[PDB]
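Engineer: Supplied structure: final-v6.cif, mmCIF, C-alpha atoms and all ligand atoms.
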```
data_query
loop_
_atom_site.label_atom_id
_atom_site.label_comp_id
_atom_site.auth_asym_id
_atom_site.auth_seq_id
_atom_site.Cartn_x
_atom_site.Cartn_y
_atom_site.Cartn_z
CA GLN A 5 27.82 62.25 43.08
CA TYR A 6 31.38 63.97 42.95
CA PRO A 7 33.81 63.73 45.85
CA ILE A 8 34.46 66.83 47.98
CA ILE A 9 37.67 67.67 49.79
CA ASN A 10 37.35 70.43 52.54
CA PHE A 11 40.18 72.80 53.49
CA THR A 12 40.10 75.92 55.65
CA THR A 13 42.54 78.75 55.86
CA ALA A 14 41.16 79.40 59.45
CA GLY A 15 42.94 76.59 61.20
CA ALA A 16 45.76 76.43 58.89
CA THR A 17 48.94 74.53 59.80
CA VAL A 18 51.48 72.66 57.65
CA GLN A 19 49.72 69.47 58.87
CA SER A 20 46.23 70.47 57.86
CA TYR A 21 47.41 71.76 54.45
CA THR A 22 49.43 68.55 53.81
CA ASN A 23 46.33 66.46 54.76
CA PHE A 24 44.39 68.62 52.32
CA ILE A 25 46.83 68.24 49.37
CA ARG A 26 47.24 64.56 49.99
CA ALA A 27 43.50 63.98 49.87
CA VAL A 28 43.22 65.97 46.59
CA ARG A 29 45.91 63.74 44.94
CA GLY A 30 44.05 60.77 46.33
CA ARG A 31 40.81 61.76 44.53
CA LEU A 32 42.61 62.86 41.37
CA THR A 33 44.46 59.59 40.72
CA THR A 34 43.16 56.03 41.07
CA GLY A 35 46.48 54.10 41.51
CA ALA A 36 45.78 52.30 38.25
CA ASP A 37 48.54 54.11 36.32
CA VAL A 38 51.95 54.83 37.84
CA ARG A 39 55.07 55.16 35.71
CA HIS A 40 58.52 55.39 37.25
CA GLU A 41 56.76 55.73 40.54
CA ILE A 42 54.81 58.88 39.44
CA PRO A 43 50.90 58.58 39.28
CA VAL A 44 49.22 59.48 36.02
CA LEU A 45 45.87 61.20 35.94
CA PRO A 46 42.96 59.39 34.22
CA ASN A 47 42.77 59.36 30.46
CA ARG A 48 40.04 61.72 29.34
CA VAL A 49 39.12 59.33 26.39
CA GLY A 50 36.27 57.10 27.56
CA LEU A 51 36.27 58.60 31.06
CA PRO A 52 32.61 58.41 32.24
CA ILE A 53 31.06 61.73 33.26
CA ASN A 54 30.36 60.50 36.86
CA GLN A 55 34.12 60.22 37.36
CA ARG A 56 35.16 63.48 35.68
CA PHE A 57 35.36 65.99 38.55
CA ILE A 58 36.27 66.55 42.10
CA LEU A 59 35.17 69.33 44.39
CA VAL A 60 37.28 71.38 46.78
CA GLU A 61 35.27 73.32 49.42
CA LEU A 62 37.31 76.16 50.67
CA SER A 63 36.48 77.96 53.95
CA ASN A 64 38.08 80.90 55.62
CA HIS A 65 38.42 82.73 58.98
CA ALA A 66 35.82 85.30 57.74
CA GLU A 67 33.31 82.33 57.75
CA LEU A 68 32.70 82.26 54.03
CA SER A 69 32.97 79.39 51.73
CA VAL A 70 33.38 78.71 48.06
CA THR A 71 33.55 75.37 46.08
CA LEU A 72 36.04 74.94 43.22
CA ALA A 73 35.55 72.20 40.58
CA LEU A 74 38.74 70.37 39.45
CA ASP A 75 38.87 68.34 36.25
CA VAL A 76 40.46 64.99 37.19
CA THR A 77 42.10 64.64 33.68
CA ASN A 78 44.43 67.66 34.22
CA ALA A 79 43.69 68.90 37.80
CA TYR A 80 42.52 72.30 36.28
CA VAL A 81 40.15 74.52 38.21
CA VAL A 82 37.20 74.63 35.73
CA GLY A 83 34.82 76.74 37.77
CA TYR A 84 33.51 77.58 41.17
CA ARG A 85 30.33 77.99 43.25
CA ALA A 86 29.58 80.61 45.90
CA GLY A 87 26.09 80.33 47.43
CA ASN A 88 23.62 80.78 44.67
CA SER A 89 25.84 81.44 41.58
CA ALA A 90 28.44 79.40 39.65
CA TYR A 91 30.97 80.57 37.12
CA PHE A 92 32.94 78.53 34.65
CA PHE A 93 35.96 79.37 32.55
CA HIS A 94 35.23 79.50 28.78
CA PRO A 95 35.52 75.87 27.60
CA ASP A 96 38.16 74.74 25.07
CA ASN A 97 35.75 72.48 23.19
CA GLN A 98 32.19 71.17 22.92
CA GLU A 99 32.87 68.09 25.09
CA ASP A 100 34.09 70.20 28.01
CA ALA A 101 31.11 72.56 27.52
CA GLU A 102 28.79 69.56 27.95
CA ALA A 103 30.85 68.08 30.81
CA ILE A 104 30.58 71.25 32.92
CA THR A 105 26.73 71.05 32.79
CA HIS A 106 27.12 68.13 35.29
CA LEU A 107 28.54 70.45 37.93
CA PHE A 108 26.66 72.51 40.55
CA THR A 109 23.48 71.44 38.87
CA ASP A 110 20.93 72.98 41.33
CA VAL A 111 22.56 76.45 41.40
CA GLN A 112 20.32 79.29 40.35
CA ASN A 113 22.53 81.53 38.27
CA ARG A 114 25.10 79.75 36.22
CA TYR A 115 27.45 81.80 34.10
CA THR A 116 30.23 80.97 31.70
CA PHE A 117 32.96 83.61 31.59
CA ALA A 118 33.84 84.73 28.05
CA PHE A 119 37.55 84.18 28.88
CA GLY A 120 39.51 80.86 29.43
CA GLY A 121 41.26 80.05 32.80
CA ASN A 122 44.82 79.55 31.59
CA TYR A 123 47.52 81.55 33.43
CA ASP A 124 48.31 83.82 30.42
CA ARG A 125 44.65 85.05 30.30
CA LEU A 126 44.27 85.30 34.06
CA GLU A 127 47.47 87.29 34.28
CA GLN A 128 46.35 89.87 31.64
CA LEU A 129 43.03 90.27 33.45
CA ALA A 130 44.73 90.59 36.82
CA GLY A 131 47.23 93.15 35.45
CA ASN A 132 49.97 91.12 37.25
CA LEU A 133 52.18 88.07 36.48
CA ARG A 134 52.45 85.02 38.71
CA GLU A 135 55.89 86.26 39.80
CA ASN A 136 54.34 89.38 41.42
CA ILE A 137 51.37 87.72 43.19
CA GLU A 138 52.14 86.69 46.73
CA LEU A 139 51.00 83.22 47.88
CA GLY A 140 50.39 81.85 51.31
CA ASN A 141 47.57 81.31 53.81
CA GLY A 142 46.76 85.12 53.90
CA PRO A 143 46.45 85.40 50.08
CA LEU A 144 44.29 82.30 50.13
CA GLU A 145 42.05 83.59 52.98
CA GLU A 146 41.52 86.77 50.89
CA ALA A 147 41.02 84.88 47.60
CA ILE A 148 38.27 82.95 49.24
CA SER A 149 36.45 86.19 50.25
CA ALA A 150 37.02 87.72 46.77
CA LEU A 151 35.52 84.78 44.99
CA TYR A 152 32.69 84.66 47.46
CA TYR A 153 31.67 88.35 46.87
CA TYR A 154 31.98 88.46 43.04
CA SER A 155 28.24 87.96 42.30
CA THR A 156 27.23 91.04 44.34
CA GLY A 157 29.71 93.31 42.53
CA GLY A 158 32.03 93.56 45.51
CA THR A 159 35.06 92.19 43.72
CA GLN A 160 36.67 93.81 40.77
CA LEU A 161 37.63 91.64 37.81
CA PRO A 162 41.39 92.09 38.31
CA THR A 163 40.99 90.83 41.93
CA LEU A 164 38.83 87.94 40.76
CA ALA A 165 41.63 86.81 38.30
CA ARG A 166 44.30 87.39 40.88
CA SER A 167 42.26 85.24 43.35
CA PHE A 168 42.02 82.34 40.85
CA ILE A 169 45.77 82.56 40.25
CA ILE A 170 46.24 82.13 43.98
CA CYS A 171 43.82 79.17 44.24
CA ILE A 172 45.14 77.40 41.20
CA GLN A 173 48.73 77.41 42.47
CA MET A 174 47.94 76.62 46.09
CA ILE A 175 45.71 73.79 45.13
CA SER A 176 46.19 72.32 41.62
CA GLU A 177 49.93 73.11 41.29
CA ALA A 178 50.58 71.88 44.84
CA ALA A 179 48.75 68.62 43.99
CA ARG A 180 50.90 68.33 40.81
CA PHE A 181 54.30 68.99 42.50
CA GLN A 182 55.54 67.96 45.97
CA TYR A 183 58.00 70.74 45.53
CA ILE A 184 55.20 73.37 45.20
CA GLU A 185 53.35 71.75 48.03
CA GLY A 186 56.54 72.19 50.22
CA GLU A 187 56.84 75.89 49.14
CA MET A 188 53.36 76.45 50.34
CA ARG A 189 54.03 74.65 53.60
CA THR A 190 56.96 77.03 54.21
CA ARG A 191 54.69 80.07 53.73
CA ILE A 192 52.15 78.61 56.12
CA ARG A 193 54.72 77.53 58.73
CA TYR A 194 56.22 81.03 59.09
CA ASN A 195 52.87 82.71 58.38
CA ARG A 196 54.49 84.91 55.69
CA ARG A 197 53.22 85.50 52.17
CA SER A 198 55.58 85.73 49.18
CA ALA A 199 55.50 85.49 45.43
CA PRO A 200 56.60 82.21 43.77
CA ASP A 201 60.30 82.22 42.75
CA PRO A 202 61.54 80.94 39.34
CA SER A 203 61.88 77.41 40.62
CA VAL A 204 58.06 77.29 41.18
CA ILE A 205 57.14 79.25 38.00
CA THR A 206 59.27 77.05 35.78
CA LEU A 207 57.78 73.82 37.19
CA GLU A 208 54.27 75.17 36.60
CA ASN A 209 55.20 76.14 33.05
CA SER A 210 56.83 72.81 32.34
CA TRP A 211 54.20 70.42 33.75
CA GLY A 212 52.83 69.35 30.43
CA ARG A 213 56.21 68.93 28.67
CA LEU A 214 57.60 67.09 31.74
CA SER A 215 54.57 64.78 31.59
CA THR A 216 55.18 64.07 27.92
CA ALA A 217 58.99 63.65 28.27
CA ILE A 218 58.50 61.12 31.10
CA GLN A 219 55.87 59.07 29.26
CA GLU A 220 58.00 59.14 26.01
CA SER A 221 61.23 58.34 27.82
CA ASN A 222 63.37 55.26 27.10
CA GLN A 223 63.38 53.44 30.47
CA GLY A 224 63.37 56.85 32.19
CA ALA A 225 65.83 58.57 29.86
CA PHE A 226 64.66 61.77 28.08
CA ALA A 227 65.22 61.94 24.34
CA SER A 228 65.66 65.73 24.71
CA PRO A 229 66.68 67.30 28.04
CA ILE A 230 64.29 69.85 29.65
CA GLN A 231 65.51 73.10 31.21
CA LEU A 232 64.12 74.16 34.60
CA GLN A 233 65.29 77.02 36.82
CA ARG A 234 66.64 76.92 40.41
CA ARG A 235 65.50 79.57 42.95
CA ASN A 236 68.12 82.09 41.79
CA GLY A 237 67.00 81.62 38.23
CA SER A 238 70.00 79.56 37.05
CA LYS A 239 69.54 76.63 34.54
CA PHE A 240 68.96 73.02 35.75
CA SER A 241 68.78 70.39 33.03
CA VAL A 242 66.56 67.43 33.53
CA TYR A 243 67.81 64.38 31.54
CA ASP A 244 65.91 61.72 33.41
CA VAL A 245 62.73 60.96 35.32
CA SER A 246 64.81 59.94 38.38
CA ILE A 247 65.65 63.50 39.39
CA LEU A 248 61.92 64.38 39.35
CA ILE A 249 60.67 61.67 41.71
CA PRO A 250 60.76 63.96 44.80
CA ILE A 251 59.39 66.93 42.75
CA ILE A 252 56.52 65.89 40.53
CA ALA A 253 53.51 64.09 42.11
CA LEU A 254 51.08 63.62 39.24
CA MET A 255 51.23 63.69 35.45
CA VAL A 256 48.67 64.40 32.74
CA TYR A 257 47.87 61.30 30.62
CA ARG A 258 49.60 61.49 27.23
CA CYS A 259 49.77 57.91 25.95
CA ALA A 260 49.27 54.35 27.04
CA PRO A 261 52.49 53.03 28.69
CA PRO A 262 54.69 50.86 26.50
CA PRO A 263 54.86 47.19 27.43
CA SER A 264 57.32 46.83 30.31
CA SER A 265 60.43 45.29 28.67
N1 LIG B 301 42.02 77.19 35.76
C1 LIG B 301 43.30 76.69 35.67
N2 LIG B 301 43.61 75.65 36.44
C2 LIG B 301 44.80 75.05 36.48
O1 LIG B 301 45.03 74.07 37.23
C3 LIG B 301 45.85 75.55 35.62
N3 LIG B 301 47.09 74.98 35.56
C4 LIG B 301 47.98 75.49 34.68
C5 LIG B 301 47.59 76.57 33.86
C6 LIG B 301 48.52 77.11 32.83
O2 LIG B 301 48.18 78.06 32.13
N4 LIG B 301 49.60 76.36 32.57
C7 LIG B 301 50.45 76.47 31.42
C8 LIG B 301 49.76 76.17 30.12
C9 LIG B 301 50.35 76.30 28.88
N5 LIG B 301 49.44 75.98 27.94
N6 LIG B 301 48.24 75.64 28.57
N7 LIG B 301 48.46 75.77 29.94
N8 LIG B 301 46.38 77.13 33.93
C10 LIG B 301 45.44 76.66 34.76
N9 LIG B 301 44.21 77.20 34.85
#
```
If you took the structure in this file and wrote it as structure tokens, what would it be?
Structural biologist:
Amino acid sequence: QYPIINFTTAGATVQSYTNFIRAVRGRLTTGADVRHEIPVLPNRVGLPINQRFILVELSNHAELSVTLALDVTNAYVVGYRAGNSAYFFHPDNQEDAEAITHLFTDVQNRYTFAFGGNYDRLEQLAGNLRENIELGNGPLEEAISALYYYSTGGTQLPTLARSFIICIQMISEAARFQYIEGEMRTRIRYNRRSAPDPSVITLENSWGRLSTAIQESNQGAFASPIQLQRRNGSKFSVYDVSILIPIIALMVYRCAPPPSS
């Protein structure tokens, strides 16, 4: 049965959140596949169902808990459980539709949302963009409560979507990028919430293209440079994998690696 990582916003310190992110990366990647020192997530093709997900049990100071399911192939939050109900984002394809049946299997009340969980959708539903949604231990504490009270009608759909946007970035994006992990640690250290600045938003937006560029690179070198933003929104060209080693922690599997040469 699928591995669970626990995290609580109640204790929270930079140490406990680091321990949390590090254990999520640890269950996401196997160590089989590392390219230019960056781990690659498992290939979805031929990945057996018993290896497909991880679970992240989130608790909060209000004594509630909720369990998110992450897909190990892309680190995406696919769904969540709170007590007796589970909800899943609308699947992209038939294979994902079947795969999600293997989650939360004894829950009474299982629902699939009619909408997908990509940021663009969540952001319409929330009536707010990532750039205007504050992140930190307080947002997370409140996201946990919001997800936990959805089934009883207590949480409005825009707050639901906002709450996922919070969880996705604080968990899946932080697992993807050391840089994003460190942004969160800052928020937790000073106990202040704040919205992600362009340096975070551009990394999130670029994860898939960065993954492809790295895996397609010639000995590290990008065929086409990729534009990121710094905190003040200015351009930063990435020409090479080397500059990303302290920034990106995990990549999505695009292709088998070429023979080392
Ligand atoms: N539930 C969920 N979990 C995630 O971990 C996640 N990560 C990135 C994006 C996103 O829209 N990223 C940009 C993108 C662009 N095209 N597809 N995705 N959405 C997500 N949603």
Engineer: Got a sec to check which residues lie within 7 Å of ligand LIG 301 (chain B), using only C-alpha atoms and all ligand atoms, and send them as a list in words?
Structural biologist: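 Result of the 7 Å neighbour search around ligand LIG 301 (chain B): residues 79, 80, 81, 82, 121, 122, 123, 124, 172, 176, 177, 208 and 209 of chain A.
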Engineer: I'd like the contact shell of residue A:55 - 8 Å cut-off, all atoms listed in the file, skipping same-chain residues fewer than 4 positions apart - returned as a ChimeraX atom specification.
Structural biologist: /A:6,51,76
Engineer: Suppose you want the space between atom CA of residue A:153 and atom CA of residue A:166; what is it in Å?
Structural biologist: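 If I compute the distance from atom CA of residue A:153 to atom CA of residue A:166, I get 14.0 Å.
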Engineer: What's around residue A:101 at 12 Å? Count only C-alpha atoms, leave out sequence neighbours fewer than 5 positions away in its own chain, and write the answer as a ChimeraX atom specification.
Structural biologist: /A:82-83,92-96,106-107,115-117,120
Engineer: So the first atom is atom CA of residue A:183 and the second is atom CA of residue A:251; what is the distance between them in Å, to one decimal place?
Structural biologist: 4.9 Å
Engineer: Between atom CA of residue A:265 and atom CA of residue A:182, what is the distance in Å, rounded to a tenth?
Structural biologist: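 Pair atom CA of residue A:265 / atom CA of residue A:182 returns 28.9 Å.
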Engineer: Which is closer to residue A:233 than all the others in A:53, A:205, A:126, A:192, using all atoms listed in the file?
Structural biologist: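 Comparing A:53, A:205, A:126, A:192 against residue A:233, the winner is A:205.
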Engineer: Would you mind listing what lies within 9 Å of residue A:261 as a PyMOL selection string, with all atoms listed in the file counted and same-chain residues fewer than 2 positions away left out?
Structural biologist: chain A and resi 37+39+219-220+259+263-264
Engineer: Which residue gives the smallest distance to residue A:7 among A:136, A:238, A:54, A:23, with all atoms listed in the file counted?
Structural biologist: A:54
Engineer: Using all atoms of stretch 242-256 of chain A listed in the file and a margin of 6 Å per side, can you give the axis-aligned box centre and edge lengths in Å to one decimal, as JSON?
Structural biologist:
```
{"center_x": 58.2, "center_y": 63.7, "center_z": 38.2, "size_x": 31.1, "size_y": 19.5, "size_z": 25.3}
```
Engineer: Do you know which residues are at most 7 Å from residue A:129 counting all atoms listed in the file, after dropping those on the same chain fewer than 3 positions away, and could you put them as number ranges by chain?
Structural biologist: A: 125-126, 162, 165
Engineer: When distances are computed from all atoms listed in the file, which of A:196, A:242, A:71, A:191 shows the smallest separation from residue A:214?
Structural biologist: A:242
Engineer: Hey, what's within 9 Å of residue A:140 if we count only C-alpha atoms and toss same-chain stuff fewer than 6 positions away? As a ChimeraX atom specification, please?
Structural biologist: /A:170,174,188-192,195-199
Engineer: Go ahead and dump the residues you just picked, C-alpha atoms, as a PDB file, keeping the file's coordinate frame.
Structural biologist:
```
ATOM      1  CA  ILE A 170      46.240  82.130  43.980  1.00  0.00           C
ATOM      2  CA  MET A 174      47.940  76.620  46.090  1.00  0.00           C
ATOM      3  CA  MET A 188      53.360  76.450  50.340  1.00  0.00           C
ATOM      4  CA  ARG A 189      54.030  74.650  53.600  1.00  0.00           C
ATOM      5  CA  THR A 190      56.960  77.030  54.210  1.00  0.00           C
ATOM      6  CA  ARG A 191      54.690  80.070  53.730  1.00  0.00           C
ATOM      7  CA  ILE A 192      52.150  78.610  56.120  1.00  0.00           C
ATOM      8  CA  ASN A 195      52.870  82.710  58.380  1.00  0.00           C
ATOM      9  CA  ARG A 196      54.490  84.910  55.690  1.00  0.00           C
ATOM     10  CA  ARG A 197      53.220  85.500  52.170  1.00  0.00           C
ATOM     11  CA  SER A 198      55.580  85.730  49.180  1.00  0.00           C
ATOM     12  CA  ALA A 199      55.500  85.490  45.430  1.00  0.00           C
TER      13      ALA A 199
END
```
Engineer: Between A:225, A:9, A:44, A:230, which one has atoms that come closest to residue A:213, using all atoms listed in the file?
Structural biologist: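 For residue A:213, the nearest of the given residues is A:230.
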Engineer: What would the file be for stretch 223-243 of chain A if you keep N, CA, C and O atoms and write it as a short mmCIF file (atom, residue, chain, number, x, y, z; two decimals), in the first residue's frame?
Structural biologist:
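After the write, out_32.cif holds the following:
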```cif
data_model
loop_
_atom_site.label_atom_id
_atom_site.label_comp_id
_atom_site.auth_asym_id
_atom_site.auth_seq_id
_atom_site.Cartn_x
_atom_site.Cartn_y
_atom_site.Cartn_z
N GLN A 223 25.29 17.44 -23.69
CA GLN A 223 26.23 17.44 -22.57
C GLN A 223 25.90 18.59 -21.58
O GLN A 223 26.75 19.15 -20.91
N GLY A 224 24.61 18.93 -21.47
CA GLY A 224 24.27 20.02 -20.54
C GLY A 224 23.83 21.28 -21.28
O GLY A 224 23.05 22.12 -20.73
N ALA A 225 24.30 21.44 -22.54
CA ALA A 225 24.06 22.69 -23.23
C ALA A 225 22.73 22.69 -23.94
O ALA A 225 22.47 21.80 -24.76
N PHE A 226 21.89 23.70 -23.63
CA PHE A 226 20.56 23.90 -24.26
C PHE A 226 20.65 24.20 -25.76
O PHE A 226 21.47 24.99 -26.17
N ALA A 227 19.83 23.58 -26.57
CA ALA A 227 19.81 23.98 -27.97
C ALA A 227 19.24 25.42 -28.12
O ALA A 227 19.77 26.28 -28.87
N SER A 228 18.22 25.71 -27.30
CA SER A 228 17.53 26.99 -27.30
C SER A 228 17.53 27.45 -25.86
O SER A 228 17.06 26.71 -25.00
N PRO A 229 18.00 28.68 -25.61
CA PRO A 229 17.97 29.19 -24.22
C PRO A 229 16.53 29.38 -23.68
O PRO A 229 15.59 29.48 -24.48
N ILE A 230 16.36 29.36 -22.35
CA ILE A 230 15.04 29.47 -21.75
C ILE A 230 15.06 30.71 -20.88
O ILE A 230 16.02 30.96 -20.13
N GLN A 231 14.03 31.54 -21.00
CA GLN A 231 13.97 32.79 -20.22
C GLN A 231 13.20 32.57 -18.91
O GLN A 231 12.02 32.17 -18.94
N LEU A 232 13.86 32.84 -17.78
CA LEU A 232 13.20 32.94 -16.48
C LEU A 232 13.11 34.40 -16.07
O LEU A 232 13.58 35.31 -16.85
N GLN A 233 12.48 34.67 -14.91
CA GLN A 233 12.55 36.02 -14.34
C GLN A 233 13.25 36.03 -13.02
O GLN A 233 13.19 35.05 -12.31
N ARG A 234 13.97 37.11 -12.69
CA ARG A 234 14.47 37.31 -11.28
C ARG A 234 13.34 37.91 -10.45
O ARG A 234 12.26 38.19 -10.98
N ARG A 235 13.58 38.14 -9.16
CA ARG A 235 12.53 38.65 -8.25
C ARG A 235 11.87 39.96 -8.72
O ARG A 235 10.66 40.17 -8.48
N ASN A 236 12.65 40.83 -9.38
CA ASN A 236 12.16 42.14 -9.78
C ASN A 236 11.51 42.05 -11.14
O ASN A 236 11.20 43.07 -11.74
N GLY A 237 11.35 40.82 -11.63
CA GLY A 237 10.81 40.61 -12.94
C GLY A 237 11.76 40.77 -14.12
O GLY A 237 11.33 40.60 -15.25
N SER A 238 13.03 41.11 -13.91
CA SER A 238 13.92 41.14 -15.10
C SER A 238 14.27 39.75 -15.71
O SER A 238 14.20 38.74 -15.01
N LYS A 239 14.64 39.72 -16.99
CA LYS A 239 15.01 38.48 -17.71
C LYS A 239 16.25 37.80 -17.08
O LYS A 239 17.08 38.46 -16.45
N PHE A 240 16.33 36.48 -17.20
CA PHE A 240 17.50 35.69 -16.81
C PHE A 240 17.44 34.54 -17.81
O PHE A 240 16.49 33.75 -17.82
N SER A 241 18.42 34.49 -18.70
CA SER A 241 18.51 33.41 -19.65
C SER A 241 19.25 32.24 -19.07
O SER A 241 20.35 32.40 -18.46
N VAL A 242 18.67 31.08 -19.29
CA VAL A 242 19.28 29.82 -18.91
C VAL A 242 19.74 29.18 -20.22
O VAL A 242 18.92 28.97 -21.13
N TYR A 243 21.04 28.86 -20.29
CA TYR A 243 21.71 28.34 -21.49
C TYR A 243 22.13 26.94 -21.20
O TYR A 243 22.52 26.23 -22.10
#
```
